[PDB]
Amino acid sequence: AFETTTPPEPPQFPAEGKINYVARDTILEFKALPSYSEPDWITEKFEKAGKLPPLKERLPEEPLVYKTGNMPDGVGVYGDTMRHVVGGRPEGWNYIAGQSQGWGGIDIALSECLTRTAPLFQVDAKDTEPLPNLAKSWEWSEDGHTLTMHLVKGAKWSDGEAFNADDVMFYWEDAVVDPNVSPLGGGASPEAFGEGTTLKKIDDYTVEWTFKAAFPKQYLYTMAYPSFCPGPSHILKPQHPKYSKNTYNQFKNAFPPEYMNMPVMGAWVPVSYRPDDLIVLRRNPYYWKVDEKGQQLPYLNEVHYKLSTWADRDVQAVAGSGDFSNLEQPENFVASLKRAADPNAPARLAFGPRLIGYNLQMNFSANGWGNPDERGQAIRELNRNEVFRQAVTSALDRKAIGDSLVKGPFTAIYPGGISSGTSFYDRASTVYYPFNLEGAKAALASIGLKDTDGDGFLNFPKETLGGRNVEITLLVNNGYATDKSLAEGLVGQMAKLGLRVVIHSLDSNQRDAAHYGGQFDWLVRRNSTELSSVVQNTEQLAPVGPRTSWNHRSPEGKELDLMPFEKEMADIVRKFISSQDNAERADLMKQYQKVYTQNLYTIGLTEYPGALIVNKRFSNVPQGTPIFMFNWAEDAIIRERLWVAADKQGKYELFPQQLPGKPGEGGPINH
């Protein structure tokens, strides 16, 4: 019906950053050091004044020790503030109940996981085991169905309470398993860990996973951010409906933004908050990570999250008032590159591979996800028709989509699927539907879509919705110029095709709620880690479970109304997860890409590289760090390991020589 080909090779993109590829165990280890150290004011103004227990006590028996060999600039010194600028707003501190803290690094910093994957951009292999984090070690039984997992022994919460299997178990049973709780990120359903996966407590520092599959090693990546971030059980358990008189909404909102010093396993603790202004975090005294020389991390004493816009993060990182940006909006590229062109610029800018992608996602549930009306249901039915999808992708002039964001060598013709920047990507396996408006018009006419009332907009046949003009509801994020630009352009291209598209502009919190709830026909969405890395949240590549897919979920409780190609992709993804052979895995992903792009699981909008922007005074920033691969750069750069030379240090501390107070109190502690 259409003359499909493979996508054209994008312009050669050098002016990048090269990664220094290292072995997995070059970064950290767990061991006891002969002696430990911390900032002198802690020992002098807090420990000597009674206010805090000595360092050796508040640390695990074997802390997480960062190795100097992997440190880009070596061991650091204490001091300074890391100033972030975010476009998000805090909902509260209950991460495990699906509350957002404002993004742009704050939840990443606060919610430490069993494993860690973002620093893996620098590891040579893609068969690589995620790094040990809160789970210090793990072993597989001979059969490969049981995974014993050992936790950090002797670690404490920012408040002094012990960290144990009870906090790990509280998350599994009362957040993941509990059908009434939805952890942050939207992908923490029990099936994300495998259909039929069980987990049980062995002792205070040992847990045991039981998997249906033999060695589904890919699930260790799911135990990283955002899917397995345990919360303080001693604080959250008395507020949980299963253990109290609170509703699930009462539990979700039990710790609002005004509640200070929320127990965390993270490097910094929230000590101050002003609505639509700022969140201040001070170093966690009970932090369980050290360098090889015994200095307790983080090196940085303070973190700021300025509550602004995502565009203002770029503005501020190049102005020098903000210390970090993920330059990801092509509308912002030229302005930022001009400022970066000055040798006196306070920040450095480095582009990486093309890993930022946008897809048009069509809701494929005809079995009632998001409780559709007659108009909604008729769109679900068009969405599931392969001819309708083929015409929609053919009506898109992808060179015009790319130019509308930024001219030059940034954008690449993106038809959907695995990003062109990933090693798993095969151009020969990617189905490209070139721009063909006339063929697309004819394709829609072949499925009964004709303009009957002469207003230049295609009507359903009289047997469907009374023969009224087709109207599609497109869900978009308010927070970004790119999402808005893409949404408007799409409406314009669909108009030339004869289809009437109505924009549904929502703020990030409401958008995510409307997405995961199924209350959408179509949606503009920036790709998550599975299309940028494959190995991170692999379960999200296909509808392997009832809530794993972003565009095809089933209502609670009902079976998945899978189309044949979805069943094919799910078989390809399940095979990949349990595969131990690398060549098999590489071919499974050529197979996957082919079924995806030919059948149009999603419809690609565009793809381009982003740039990491970091203030020049920071040391230990890894060379060629991507803005997004296994996670966002905020996690990948290992912020608790960043430092500033004493002679280059800023004077930005709003609570100098202060520590976090007790949870629920006013804020920090002096004097």
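Start at 1 with the first residue shown and count on from there. Each form is matched to the other, and the largest set of C-alpha atoms that superpose within 1.5 Å is called the rigid core.
- Per-stretch RMS Cα distance to the displayed form in 4 other deposited structures of this protein, following rigid core alignment, is highest for 551 to 559 when 551 to 559 and 409 to 417 are compared.
- RMS Cα deviation from the shown model in 4 other deposited structures of this protein, rigid core fit, is larger for 119 to 127 than for the other stretch of the pair 119 to 127 / 263 to 271.
- Between 361 to 369 and 128 to 136, the higher mean Cα B-factor belongs to 361 to 369.
- In this entry, the higher average B-factor at the C-alpha atoms falls on 46 to 54, of the pair 626 to 634 and 46 to 54.
- Across the options 170, 93, 268, 288, the residue with the most elevated CA B-factor in the record is 170.
- Of the candidates 539, 112, 302, 559, the PDB record gives 559 the highest C-alpha temperature factor.
- Among the modelled residues of the chain, residue 468 sits in the highest third by CA temperature factor in this PDB entry.
- In the deposited entry, the Cα temperature factor of residue 418 places it in the middle third of its chain's modelled residues.
- When the CA B factors of the chain's modelled residues are split into thirds, the value for residue 14 lands in the highest one.
- In the deposited entry, the Cα temperature factor of residue 310 sits in the bottom third of values across the chain's modelled residues.
- When the modelled residues of the chain are ordered by their C-alpha B factor, residue 258 lands in the middle third.
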